[PDB]
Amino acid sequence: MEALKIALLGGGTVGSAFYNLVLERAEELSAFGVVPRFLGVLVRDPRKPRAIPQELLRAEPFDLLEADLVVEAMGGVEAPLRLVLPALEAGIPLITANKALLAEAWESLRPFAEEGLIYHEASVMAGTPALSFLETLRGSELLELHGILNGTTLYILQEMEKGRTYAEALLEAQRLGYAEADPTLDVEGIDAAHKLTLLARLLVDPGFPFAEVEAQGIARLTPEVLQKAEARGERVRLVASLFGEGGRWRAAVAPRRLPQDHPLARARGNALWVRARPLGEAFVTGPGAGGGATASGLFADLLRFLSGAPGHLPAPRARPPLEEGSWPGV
């Protein structure tokens, strides 16, 4: 019964949900010969009430190099980057839900992702299978991908359909723990753009640049626009699309007018829809935000690791699209 030494960066909603899920499932972990021990938990304010023992809280960065895993849920990009690099350089894996970090700091992190050191299932659609879904879809050649990747904005549109205001729905989504610390990221399409980038890199181009995604959000939408779409037989959603234009992959995020019977329109959670050759049309859906939903993703990766599987790899080379693709905007 060896120690599994975990350094946890972040003690907010996700880090806490993680810490507690680990404790609750500690029995399950003995089935691999380990007992989880947290070396420490990086938090901003050690005085806040928190379901993590005081004795483990760290206000300043702590040495990571004795850890077996670093789990990162601390927010931002540059700071987590500088903290995880020394661990990665030492061959310590990282488990993360940090889609901005992966999207924006890929020059530094790609070499370690290539070595199977980075697990990030929870960085897209939380614990809903998304990266594992695309790992399987590698069996085919991608024709087109369209996803509703951002939970906060799905929630807002679902509530506006029911007549609720933008502002009301937003505030609710922040209370549910769906929104980013900057909710602009959610509502302007940027969070969906981060996630789209990561899907592109896994599936078709390991160097795909975040800056190439063309993103717009939901700031022009209102209950009246969604009610006019309901009368046309349509639902408006924020959709992240990857498709071929002139022999190159084009990535875009934008509101789209969907037929109301489409899988993407009827999904209650977040959703990822793929057409690929020769499989055909496949889709996955589930909760794409929240503390528990995200911790399920991080824990799934912890189990992937402990089972002996490596992390999520980028696509082994870039390849061009098989066909010219094209949903209608609002």
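Don't overthink the numbering: it's just position in the shown sequence, from 1. Whichever C-alpha set is largest while still superposing within 1.5 Å between the two forms counts as the rigid core.
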| query | finding |
| --- | --- |
| Higher C-alpha RMS shift from the shown form in 5 other deposited structures of this protein - 165-173 or 115-123, rigid core fit | 165-173 |
| More variable segment, 273-281 or 52-60 [Cα RMS over structures in 5 other deposited structures of this protein, core-superposed] | 52-60 |
| Higher-scoring stretch by recorded Cα B factor average, 155-163 or 77-85 | 155-163 |
| Given 192-200 and 178-186, the range whose Cα B-factors average higher in the PDB entry | 178-186 |
| Options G33, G290, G286, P278 - largest CA temperature factor per the record | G33 |
| Residue with highest C-alpha B-factor in the PDB entry, from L302, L272, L39, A265 | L39 |
| Where the record places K99 (Cα B-factor, split into thirds across the chain) | lowest |
| Within-chain third of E144 by Cα B-factor, per the entry | lowest |
| Third of chain Cα B-factors occupied by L322 | highest |
| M125 by Cα B-factor - lowest, middle or highest third of the modelled chain | lowest |
| CA B-factor ranking of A105, expressed as a third of its chain | lowest |
